[PDB]
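Taken one at a time, structure 1 and structure 2 that follow are two forms of one protein chain, written as structure tokens.
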Structure 1
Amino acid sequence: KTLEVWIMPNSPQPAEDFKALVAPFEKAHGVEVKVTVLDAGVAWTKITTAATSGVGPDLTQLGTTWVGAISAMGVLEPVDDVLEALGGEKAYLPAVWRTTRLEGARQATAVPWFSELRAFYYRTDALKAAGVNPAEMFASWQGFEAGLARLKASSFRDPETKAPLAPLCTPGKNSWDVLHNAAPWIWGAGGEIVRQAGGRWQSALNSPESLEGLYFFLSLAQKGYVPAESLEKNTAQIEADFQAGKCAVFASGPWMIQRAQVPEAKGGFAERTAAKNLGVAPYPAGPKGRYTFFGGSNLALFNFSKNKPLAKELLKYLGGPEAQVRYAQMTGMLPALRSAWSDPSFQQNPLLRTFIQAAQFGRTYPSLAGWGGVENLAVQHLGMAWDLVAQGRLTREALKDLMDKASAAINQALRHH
């Protein structure tokens, strides 16, 4: 009776890394664990098909935003026992603990595996030449826009491109990335994507505070601080532009830290000026607070598994300190288990300590059963606002009107089962 785990492509050799990760467990339990890697755009199909049919793995990886929807289908084994075994609620950042259950449930259905959090990379050489103190550019909204204005004015040129750097690269192409790149600006203004109000869940995208945050961010791209060509690039293309010395500032996760230490000859960018002049800073505080976007993945046990006892031991293993530290070398992500962040692999690296500083401000979306329909509508409407940005036509009224249509659509979505 062999355990079957479904994972996503979390690391460069994902199945191999998973197998090396669980080798100690396999030896101590005298078993092999079988792993299947789901590519990005079959994963949700496969996991919902397993849920409806009862034909599936023992364990599956779930994105943190999927936990509510799969939990609500009645197919996940409770794992409150596993979480207690790992230290309970105090073992996690609150934003991470929120991803263990359907929103408002008392019962956990997912075990935190790894976190994806986002912070600003910057060129230390470019900010020095522009006269910009990184501490004050990334401390506040006013600092951030003043930094980008100095970066625009700067005579500095990249030593290898012999060209100027764009102040800020951010994508404007409807993807899940656009809502998470917007979320800290929404949150820092005092806004939300959805909230509880008046006895219901509702959109808050058209609240004055959400609109202040969204407008602050999107307007930077209309002020000359984001190149036109950045708005149609995906997240991989923006990362490649930063490596190639085209971008002074961009937002990413911790994986870029490792890639900057790997030579070009093995797929990294150690040789590039950007690697040798690399800074990280958390998102700036808005007028109502400082937030860092959390996502990542959790693990869940299908309650139709015939191997539930062994599968819960594997959940405890994967969720626990040693496996949390090890997998992080492989994924480029932060452990979901907060005690793992003390490991010297993080604490002896000044850029990873900065991500752990950023982590203290972590926030995530509400764990709603209907989150994916909310996020689809939010992303489509935000991409309509980015499309106005591409024309130089985003005004506060135009953004309000888009978010009023977003919020009508969201509100109707949340009214349905």
Structure 2
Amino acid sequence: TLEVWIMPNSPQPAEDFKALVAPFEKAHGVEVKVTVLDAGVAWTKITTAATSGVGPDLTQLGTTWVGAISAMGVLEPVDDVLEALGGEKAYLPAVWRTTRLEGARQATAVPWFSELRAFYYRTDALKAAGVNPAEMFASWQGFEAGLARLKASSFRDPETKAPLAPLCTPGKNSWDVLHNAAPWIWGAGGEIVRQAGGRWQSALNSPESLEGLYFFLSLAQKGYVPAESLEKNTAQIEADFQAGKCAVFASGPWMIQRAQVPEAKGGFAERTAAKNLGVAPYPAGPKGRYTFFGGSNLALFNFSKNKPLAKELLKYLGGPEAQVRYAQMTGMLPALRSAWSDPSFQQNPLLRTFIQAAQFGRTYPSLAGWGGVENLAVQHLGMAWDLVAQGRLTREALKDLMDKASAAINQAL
């Protein structure tokens, strides 16, 4: 037997994983036990397995968890598994970076699936405002000009009979506050952290990062984002878009599967939003186009009693067949690049657009103390969102907050 710990990734988490690995059990004559760790308790349970030497053979890790657990010295190297799956060239650079602690020699984590963000849009609403998708998602100037025309439009949703908000985004009350901001920081030529003389420090208060953050946050201050959206998390914003209240909003590939499922089974197929759905990658900032990448990897604990067999399951789960099947179950992109060419993606132009958005993929450095950097950053971005909510965000007040964030991050590093 093998023990594997997963987070709730698919609609029926345990049943789904059991169906995924059944062919592996059959061909190797073993049983895979799965335990599903709810999101609230997953980190603490993995941390306790790390410090006590008691736990599974394999655990799922968020991509941003790899540094912290790798640094604890409890993970088995998996360079052999990654070679067997095709090595560095088999993965997007942003994904390959999540296979180790930043700067380490040995890989400690096998890519499993990628979460990435692009913009969904109402094809009917942009048509009715005289906006070409190609123009609005080409550049920052184009994006804001598009929201201006969308705000001025007399378009009504055929079901609500009400106007559409030009843009829906969460503020501070979501799990992805930094992820929402990151494409705007990067695209301005900035970054969250910068390496200097082998040490790491905050770049959040660099002029480039500030031009990025201000461009994004000021959109909600200029009447393109409803007040009520800033109170909500990404899941609730998805629901607003499904209900026909938003012309534009960012999320992952899973929305495409949902647009094909009836409301009665948790989809929105019947809604106008589903029948008039477009997808475009994030617009190009002044210094390039970037797509935020997260998701989950699998690691092998070095106290495991069946490392060789657990590595065969890592090759299985990371490899072409399981990569395709699990991406469909989770509504995510496969981590393995070669799985992108399977007909279940290639037959769906909206999925093909996510594949093209993937080409601009970037993620955060795999730092041991990434959790701390992200929490201090989000805390101060949260205070910036509060000023946006009151129409009182200025370039000067943002800089003051990102200075305080920088002082605290540099101390935690």
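The first residue in the sequence of structure 1 is number 1, and each one after it adds one. By rigid core we mean the largest C-alpha set that fits within 1.5 Å across both forms. Shifts are known only where both forms have a C-alpha.
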Quick one: lay the two forms over each other on the core and tell me which of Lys308, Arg195, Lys173, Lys223 moves its CA by at least 2 angstroms between structures 1 and 2. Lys173
By how many angstrom does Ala265 shift at its CA between structures 1 and 2 when the core is held fixed? 2.1
If you line up the core, how far does the Cα of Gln347 move between structures 1 and 2, in Å? 1.0
So if we fit the rigid core, how much does the CA of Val132 shift between structures 1 and 2, in Å? 0.3
After fitting on the rigid core, list every run of 3 or more consecutive residues where each C-alpha shifts 2 Å or more between structures 1 and 2, in sequence order. 173 to 176, 197 to 200
